[PDB]
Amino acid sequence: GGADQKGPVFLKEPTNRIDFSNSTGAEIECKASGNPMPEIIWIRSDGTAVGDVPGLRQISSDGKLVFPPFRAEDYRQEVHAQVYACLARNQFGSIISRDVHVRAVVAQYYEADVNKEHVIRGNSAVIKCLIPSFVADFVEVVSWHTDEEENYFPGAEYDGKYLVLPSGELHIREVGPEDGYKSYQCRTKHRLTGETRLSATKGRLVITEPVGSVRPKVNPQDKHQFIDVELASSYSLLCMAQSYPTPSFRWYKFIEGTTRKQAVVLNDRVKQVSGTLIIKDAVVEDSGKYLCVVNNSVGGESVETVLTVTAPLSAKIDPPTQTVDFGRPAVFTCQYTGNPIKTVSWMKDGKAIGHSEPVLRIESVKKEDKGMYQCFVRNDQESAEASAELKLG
């Protein structure tokens, strides 16, 4: 061989996740350059080569791993709920792609629902579109509809009263008896198929008119929130509480690892609506534990929220290529981004090596040490990898 040979590099790396209906099917693609041109092989989670399954899984020699449309009775967890990867190899070495979370979704009929929202006069209301759990991963709230033929969409507040939150709930401030004169139903959309649907049931506000004074009460299921949202996405933090007189809402952010907290700063990006905090754009800096203190003249209450700002994982190794003499040490530094990072690991020609350090070190180079070196970074949801070639001389 000699030189001029280059280790494989992914021209097009498969996606981290491909969700698709059984009625659509899917295809994931892998392309790798290099000299000589490398061989593309699809492998399962356990490292073995994937076999063709007639009608369900077919290897197309274009590099594509195809999952044809199929009927519900032909659903195979081995095929359709699996993590795949692309192995690329030539005489110089071999690399493995990031995890490819393949998830086929059998289409199912479903009905969203809306229940009666009980609220004290003057307090803000939050109407939830109840989506069945077995479609919650694909069904989102597009808009809300009223029997008065009124429609509300995500964007800006209507008449300074009605606001569709980013999280899909319909926020209504200063509720009075007259607001209970209409019923609310949500319009949901399946992101795979693309169809829209009105909830099978309507929801109305049940206004109470308390006499005397009542303290801020939060439902036990609302005292602790756990929210997830990715970069550059709009989101909202609920602080649902009821009282009379109407309560005030103050947000804080804990210092990591301590009980000490600091007041949340309001601005162009971070605005507050009653007790709901609205952020136009999420930065990883936003992550942490929040506190929402609610107050009226009789008592107080609070809501804790753990916010996690996920970010796409990326990685590259320094240097991309290095030639070191025999006996001399070889160094690989893995640089990565995204959030969170739970595990770092290394690979060499498809074989797990080293440990969880960001800097891989070879003390004394041998001829067997040459080839491709990879660095994988991972969290619960996705992964990313980077390659680097080591030559001798």
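Just count from 1 along the sequence shown to find any residue number.
Trainee: Quick check on the record: does 52 to 60 or 362 to 370 carry the larger mean Cα temperature factor?
Mentor: Taking the mean B-factor of the alpha carbons in each, 362 to 370 is higher.
Trainee: Out of 81 to 89 and 132 to 140, which one has CA B-factors that are higher on average in the deposited record?
Mentor: Looking at the record's C-alpha B-factors, the answer is 132 to 140.
Trainee: From 174, 169, 99, 148, which pick has the Cα B-factor that tops the rest in the entry?
Mentor: Result of the comparison over 174, 169, 99, 148: 148.
Trainee: Out of 124, 208, 267, 262, whose C-alpha atom has the biggest B factor in the entry?
Mentor: Among 124, 208, 267, 262, the PDB entry lists the largest C-alpha B-factor for 267.
Trainee: Would the CA B-factor of residue 332 place it in the lowest, middle or highest third of its chain?
Mentor: Middle third by C-alpha B-factor.
Trainee: Relative to the other modelled residues in the chain, which third contains the C-alpha temperature factor of residue 195: lowest, middle or highest?
Mentor: Its C-alpha B-factor, which the entry lists for residue 195, ranks in the highest third among residues of this chain.
Trainee: What third of its chain, lowest, middle or highest, does the C-alpha temperature factor of residue 35 fall into?
Mentor: Middle third.
Trainee: Which third, lowest, middle or highest, does the C-alpha temperature factor of residue 318 belong to within its own chain?
Mentor: As the PDB entry reports it, the C-alpha B-factor of residue 318 lands in the highest third of its chain.
Trainee: For residue 382, return the chain-relative third of its C-alpha B-factor as stated in the PDB record: lowest, middle or highest.
Mentor: Answer is middle: the recorded C-alpha B-factor places it there.
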